Each structure stands twice: as C-alpha cells, then as structure tokens.
Amino acid sequence: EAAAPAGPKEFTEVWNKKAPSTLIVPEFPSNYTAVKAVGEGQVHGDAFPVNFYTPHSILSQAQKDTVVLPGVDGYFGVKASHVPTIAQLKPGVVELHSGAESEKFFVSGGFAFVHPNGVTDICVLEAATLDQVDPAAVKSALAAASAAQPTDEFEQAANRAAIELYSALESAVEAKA
Amino acid sequence: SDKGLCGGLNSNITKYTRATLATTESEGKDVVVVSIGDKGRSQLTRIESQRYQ
Amino acid sequence: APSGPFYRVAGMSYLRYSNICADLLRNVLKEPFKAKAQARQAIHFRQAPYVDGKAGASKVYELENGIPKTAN
C-alpha cells in the first residue's frame, strides 16, 4: 500500500516550508548514480555489467557474460539475464568471465545482488586474488582455529567463521585449474 | 571535522542538520543526534542538547 | 535470546561478523600484499555518550589489529 511516497523530490516539498530558503536543497546519494534497478535495459544481448566492490577499491565495473558467486547454499553462476537475486555469499571464489579468460578473487563474505534490469553487484569486504595468498600461512592458522575450544559461543561464532574461511581458502588454491 | 581551521564546513552542516531534522520530526517522535568529529560536539550541544546522546 | 544466523544468535552483529571474516583473510596474505592490510585494519577513534550534555570520560579505541573478536 503506497499512501506514503517518500522520495528525493518529495523531501523538497516539506523542506520548502519548515527549512528556510536561505539554503539550497541537500543532496541525496540517488543523485550520484547513473544506474538504477527498476528501469530495464543494460543487457543488449549476452553481456551484463558487473560491479565488484570492496570498501577500499572498485575491482571491476566492466561487462561480463558469466559470474560465479559462492553463495551460502553453494556456488552458482550468473548469465546475462539471471533471475533477480539477493544472494548472501560465504567465503569462496568470485569468478569473473568475459570470454576465455577468468580472474579468481577469493572473497571473505558479503552479499551479491542481481537486479531486475540485468545489472549485478558484488559487495564484499575483503577480496584478495589467489596470487596474493600463500597456503603456508592458511592451515597453520586453522591449526590455531579448530584446536582451541572456548565454550563462550561469541568466540566460536568467530572460530566457526575462522574454520569455514580458511578451509574454503585451502581448496581455493589446491583445486587449481 | 576534528581540527577546526576548515573555515565554514562544520558550521554549514549544523545549519543543514536542523534544516533536515526539523523537516522530518513533526510527529512527536524520538530523535538521537550523534556527531562524528569534535567540532560538532562544540557546535551541536548548544543548539540540540536535549537530543544529543 | 534471538534467532537468525550463528553470529546473530551470539549477539554478534553482521558488521562485526563480516569484519572478523575480513581481517582473517588479510592475515594470511603474502608479505608485499599483507603490508597493505594493517593500514586498512587499524581502528583509531574515541566515543563519549552524552546523557544530558555531560559525557563522562571516554571510550578510546586504539587497536591496530582489527575489530575485537572477543565478546561485547
């Protein structure tokens, strides 16, 4: 039921009454986005724009044809027009495909969106390519993870997160292509 | 900001704070005012002190 | 008390959970790349709850090793 249409152009009607006219209207983050989700398009064939993001770095903004994301119910591939999906990702390998070549970023979690206008968005917190990872340090930390047993389940909420991140990192490079 | 030699930055959004806050609070609702940067803790605790947590 | 995922039933937020997974990925990187990890991992800020306009003293975070994985 839509009797309360909040919005950026509808913020200005109440702002022209209580707030004075001495200030210009404050900006909104929607005014800086050229791409939305509800206006269809952006596919034009077999490609779709993929925006792979960390908080500290924009890793990709090109157009791919296959994106393999490590969802919490397992890996899944995204073709040109996937179903609109909000998929929570576990630690695993985000795999991009523009053609015959593939780049394999290992991510630590964070969600992944597929939008009804065909655009997709991968939103992680730390994404290291596997050439930046060395396996000698990985399961030595799992040897420090799955051995200590604190019954405080705030620490084995972190230790469960430590186990599934390191163990998915071992098979990320031991199952090399 | 934290150091206050910026010259009109931290005062401008405290004008834009109450121009946005009083626009959206006319229903008798709860409001918590937070500030990031100690130039706001010298500027917002004198204009909105009853709602500064 | 609450339900949801394994971090949410422990009182751990998603931002604390996804950061605990984040820096634990940064701990096992190669040393040319792990040098660029504790820069974006350090937490250096302070806070003060204002009850009536009079704070208290402080709560200063000076951690250079990430978000606290201990209880909170």
# chains A, B, ... in the order shown; residues from 1 in each chain; ligands from 1
>>> closest_atom_pairs(of="chain B", to="chain C", cutoff="8 Å", atoms="only C-alpha atoms", output="CSV")
residue,atom,partner,partner_atom,distance
B:45,CA,C:53,CA,6.5
B:49,CA,C:53,CA,6.1
B:50,CA,C:52,CA,6.7
B:52,CA,C:50,CA,6.3
B:53,CA,C:50,CA,4.5
>>> write_last_selection(atoms="C-alpha atoms", output="JSON list (two decimals), in the first residue's frame")
[["chain", "number", "residue", "atom", "x", "y", "z"],
["B", 45, "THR", "CA", 25.40, 20.51, 22.24],
["B", 49, "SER", "CA", 21.35, 19.41, 23.70],
["B", 50, "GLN", "CA", 18.18, 17.58, 24.79],
["B", 52, "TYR", "CA", 22.37, 14.64, 21.88],
["B", 53, "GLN", "CA", 23.35, 11.14, 23.02]]
>>> residues_around(residues="residue A:73", least_positions_apart="6", cutoff="10 Å", atoms="only C-alpha atoms", output="count of residues only")
4
>>> closest_atom_pairs(of="chain A", to="chain C", cutoff="8 Å", atoms="only C-alpha atoms", output="tab-separated table")
residue	atom	partner	partner_atom	distance
A:108	CA	C:22	CA	5.5
A:109	CA	C:18	CA	6.4
A:110	CA	C:18	CA	6.8
A:125	CA	C:22	CA	6.0
A:126	CA	C:22	CA	5.3
A:128	CA	C:25	CA	7.9
A:132	CA	C:30	CA	5.4
A:133	CA	C:29	CA	4.6
A:134	CA	C:30	CA	5.9
A:135	CA	C:28	CA	8.0
A:137	CA	C:28	CA	5.4
A:138	CA	C:28	CA	5.8
A:153	CA	C:10	CA	6.4
A:154	CA	C:10	CA	5.5
A:155	CA	C:70	CA	6.2
A:157	CA	C:7	CA	5.6
A:158	CA	C:69	CA	6.6
A:161	CA	C:21	CA	6.4
A:162	CA	C:21	CA	6.9
A:165	CA	C:21	CA	7.0
A:166	CA	C:25	CA	8.0
>>> residues_around(residues="residue A:67", least_positions_apart="6", cutoff="10 Å", atoms="only C-alpha atoms", output="compact mmCIF listing (two decimals) with N, CA, C and O atoms, in the first residue's frame")
# COMPACT_ATOMS: atom_id res chain seq x y z
N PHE A 48 26.30 -8.33 -19.47
CA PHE A 48 25.63 -7.67 -18.36
C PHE A 48 26.69 -7.01 -17.48
O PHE A 48 27.75 -7.62 -17.25
N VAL A 50 28.92 -5.86 -14.49
CA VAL A 50 29.26 -6.46 -13.21
C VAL A 50 30.09 -5.46 -12.43
O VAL A 50 31.15 -5.02 -12.90
N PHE A 76 27.08 -20.67 -7.57
CA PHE A 76 26.08 -20.51 -8.61
C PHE A 76 26.59 -19.52 -9.64
O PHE A 76 27.29 -18.55 -9.31
N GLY A 77 26.24 -19.76 -10.90
CA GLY A 77 26.66 -18.92 -12.00
C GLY A 77 25.56 -17.97 -12.43
O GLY A 77 24.38 -18.28 -12.35
N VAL A 78 25.97 -16.79 -12.89
CA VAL A 78 25.06 -15.74 -13.31
C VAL A 78 25.31 -15.46 -14.78
O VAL A 78 26.40 -14.99 -15.15
N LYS A 79 24.32 -15.75 -15.62
CA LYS A 79 24.39 -15.48 -17.05
C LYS A 79 23.86 -14.07 -17.31
O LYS A 79 23.79 -13.25 -16.39
N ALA A 80 23.51 -13.77 -18.57
CA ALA A 80 23.20 -12.40 -18.98
C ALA A 80 21.95 -11.86 -18.29
O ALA A 80 21.99 -10.79 -17.67
N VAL A 94 34.90 -15.68 -6.00
CA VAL A 94 34.15 -14.99 -7.04
C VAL A 94 34.93 -15.10 -8.34
O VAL A 94 36.10 -14.73 -8.41
N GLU A 95 34.28 -15.64 -9.37
CA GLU A 95 34.95 -15.96 -10.62
C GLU A 95 34.28 -15.18 -11.75
O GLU A 95 33.09 -15.38 -12.02
N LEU A 96 35.04 -14.30 -12.39
CA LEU A 96 34.53 -13.47 -13.47
C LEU A 96 34.90 -14.10 -14.81
O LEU A 96 35.95 -14.73 -14.94
N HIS A 97 34.02 -13.93 -15.80
CA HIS A 97 34.28 -14.43 -17.15
C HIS A 97 33.83 -13.38 -18.15
O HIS A 97 32.64 -13.07 -18.22
N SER A 98 34.77 -12.84 -18.92
CA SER A 98 34.44 -12.01 -20.07
C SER A 98 34.59 -12.75 -21.38
O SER A 98 34.27 -12.20 -22.44
N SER A 102 39.68 -15.94 -17.15
CA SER A 102 38.97 -15.86 -15.88
C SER A 102 39.89 -15.30 -14.81
O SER A 102 41.06 -15.65 -14.73
N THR A 120 24.30 -6.47 -12.12
CA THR A 120 24.62 -7.23 -10.93
C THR A 120 25.65 -6.46 -10.11
O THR A 120 26.36 -5.59 -10.62
N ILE A 122 28.38 -7.12 -6.70
CA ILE A 122 29.01 -7.98 -5.71
C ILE A 122 29.63 -7.07 -4.66
O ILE A 122 30.45 -6.21 -4.98
>>> closest_residue(among="A:21, A:81, A:16, A:156", to="residue A:65", atoms="only C-alpha atoms")
A:81
>>> interface_residues(of="chain A", to="chain B", cutoff="8 Å", atoms="only C-alpha atoms", output="list in words")
residues 14, 15, 18, 19, 20, 23 and 26 of chain A
>>> atom_distance(atom1="atom CA of residue A:39", atom2="atom CA of residue A:75")
28.2 Å
>>> atom_distance(atom1="atom CA of residue A:129", atom2="atom CA of residue A:160")
22.9 Å
>>> select_by_dssp(residues="chain A", states="strand (DSSP E or B)", output="PyMOL selection string")
chain A and resi 48-53+58-60+63-64+66-71+74-78+85-89+92-97+102-107+110-114+120-123+127-129+133
>>> select_by_dssp(residues="chain C", states="helix (DSSP H, G or I)", output="list in words")
residues 8, 9, 10, 14, 15, 16, 17, 18, 19, 20, 21, 22, 23, 24, 25, 26, 31, 32, 33 and 34 of chain C
>>> write_last_selection(atoms="N, CA, C and O atoms", output="compact mmCIF listing (two decimals), in the first residue's frame")
# COMPACT_ATOMS: atom_id res chain seq x y z
N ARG C 8 24.27 -14.01 14.64
CA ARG C 8 23.18 -13.20 15.16
C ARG C 8 22.64 -13.75 16.48
O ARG C 8 22.19 -12.98 17.33
N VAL C 9 22.69 -15.07 16.67
CA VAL C 9 22.24 -15.65 17.93
C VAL C 9 23.26 -15.50 19.04
O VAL C 9 22.93 -15.73 20.21
N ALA C 10 24.49 -15.09 18.72
CA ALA C 10 25.52 -14.87 19.72
C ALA C 10 25.58 -13.43 20.21
O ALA C 10 26.38 -13.13 21.10
N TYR C 14 26.22 -8.22 12.13
CA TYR C 14 26.75 -8.61 10.83
C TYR C 14 28.01 -7.84 10.50
O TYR C 14 28.92 -8.37 9.86
N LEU C 15 28.08 -6.57 10.92
CA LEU C 15 29.27 -5.77 10.66
C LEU C 15 30.47 -6.27 11.45
O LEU C 15 31.60 -6.16 10.98
N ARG C 16 30.24 -6.81 12.65
CA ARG C 16 31.34 -7.42 13.38
C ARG C 16 31.70 -8.78 12.80
O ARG C 16 32.87 -9.16 12.81
N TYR C 17 30.71 -9.52 12.30
CA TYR C 17 30.97 -10.83 11.73
C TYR C 17 31.72 -10.71 10.41
O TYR C 17 32.71 -11.43 10.17
N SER C 18 31.26 -9.83 9.52
CA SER C 18 31.88 -9.70 8.21
C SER C 18 33.23 -9.02 8.28
O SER C 18 34.03 -9.17 7.35
N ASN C 19 33.51 -8.27 9.35
CA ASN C 19 34.85 -7.73 9.54
C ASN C 19 35.79 -8.75 10.16
O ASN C 19 37.00 -8.72 9.89
N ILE C 20 35.26 -9.64 11.00
CA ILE C 20 36.06 -10.74 11.54
C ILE C 20 36.48 -11.69 10.43
O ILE C 20 37.62 -12.18 10.40
N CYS C 21 35.60 -11.93 9.46
CA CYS C 21 35.99 -12.69 8.29
C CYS C 21 36.92 -11.89 7.38
O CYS C 21 37.70 -12.48 6.63
N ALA C 22 36.86 -10.56 7.44
CA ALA C 22 37.62 -9.74 6.52
C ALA C 22 39.10 -9.68 6.90
O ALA C 22 39.97 -9.90 6.05
N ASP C 23 39.40 -9.38 8.17
CA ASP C 23 40.79 -9.25 8.56
C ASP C 23 41.48 -10.61 8.67
O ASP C 23 42.70 -10.70 8.49
N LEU C 24 40.70 -11.66 8.94
CA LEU C 24 41.24 -13.02 8.96
C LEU C 24 41.65 -13.48 7.56
O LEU C 24 42.48 -14.38 7.44
N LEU C 25 41.07 -12.89 6.52
CA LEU C 25 41.59 -13.08 5.17
C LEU C 25 42.85 -12.25 4.95
O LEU C 25 43.76 -12.69 4.23
N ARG C 26 42.94 -11.08 5.57
CA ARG C 26 44.11 -10.22 5.42
C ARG C 26 45.32 -10.73 6.20
O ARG C 26 46.44 -10.31 5.92
N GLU C 31 53.49 -11.21 1.92
CA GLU C 31 54.04 -10.05 2.62
C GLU C 31 54.15 -8.76 1.81
O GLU C 31 54.09 -7.69 2.44
N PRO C 32 54.35 -8.75 0.48
CA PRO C 32 54.10 -7.50 -0.25
C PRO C 32 52.65 -7.04 -0.20
O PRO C 32 52.40 -5.82 -0.26
N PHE C 33 51.70 -7.96 -0.10
CA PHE C 33 50.29 -7.60 -0.04
C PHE C 33 49.77 -7.50 1.39
O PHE C 33 48.84 -6.72 1.64
N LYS C 34 50.35 -8.25 2.33
CA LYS C 34 49.95 -8.13 3.73
C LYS C 34 50.44 -6.83 4.36
O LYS C 34 49.95 -6.45 5.42
>>> atom_distance(atom1="atom CA of residue B:40", atom2="atom CA of residue A:29")
22.6 Å
>>> residues_around(residues="residue C:38", least_positions_apart="3", cutoff="7 Å", atoms="only C-alpha atoms", output="tab-separated table (two decimals) with N, CA, C and O atoms, in the first residue's frame")
chain	number	residue	atom	x	y	z
C	35	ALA	N	51.40	-6.15	3.73
C	35	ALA	CA	51.80	-4.83	4.21
C	35	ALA	C	50.70	-3.80	4.02
C	35	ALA	O	50.60	-2.84	4.79
C	41	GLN	N	43.16	-1.97	8.45
C	41	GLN	CA	42.63	-2.79	9.53
C	41	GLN	C	42.58	-2.07	10.87
C	41	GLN	O	41.79	-2.46	11.73
C	42	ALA	N	43.39	-1.03	11.05
C	42	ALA	CA	43.50	-0.38	12.35
C	42	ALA	C	42.28	0.47	12.64
C	42	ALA	O	41.76	1.17	11.77
C	64	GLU	N	45.27	-1.72	16.55
C	64	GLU	CA	45.89	-1.82	15.24
C	64	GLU	C	45.74	-3.21	14.63
C	64	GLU	O	46.33	-3.49	13.58
C	65	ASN	N	44.96	-4.09	15.26
C	65	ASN	CA	44.83	-5.47	14.82
C	65	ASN	C	43.41	-5.85	14.43
C	65	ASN	O	43.08	-7.04	14.34
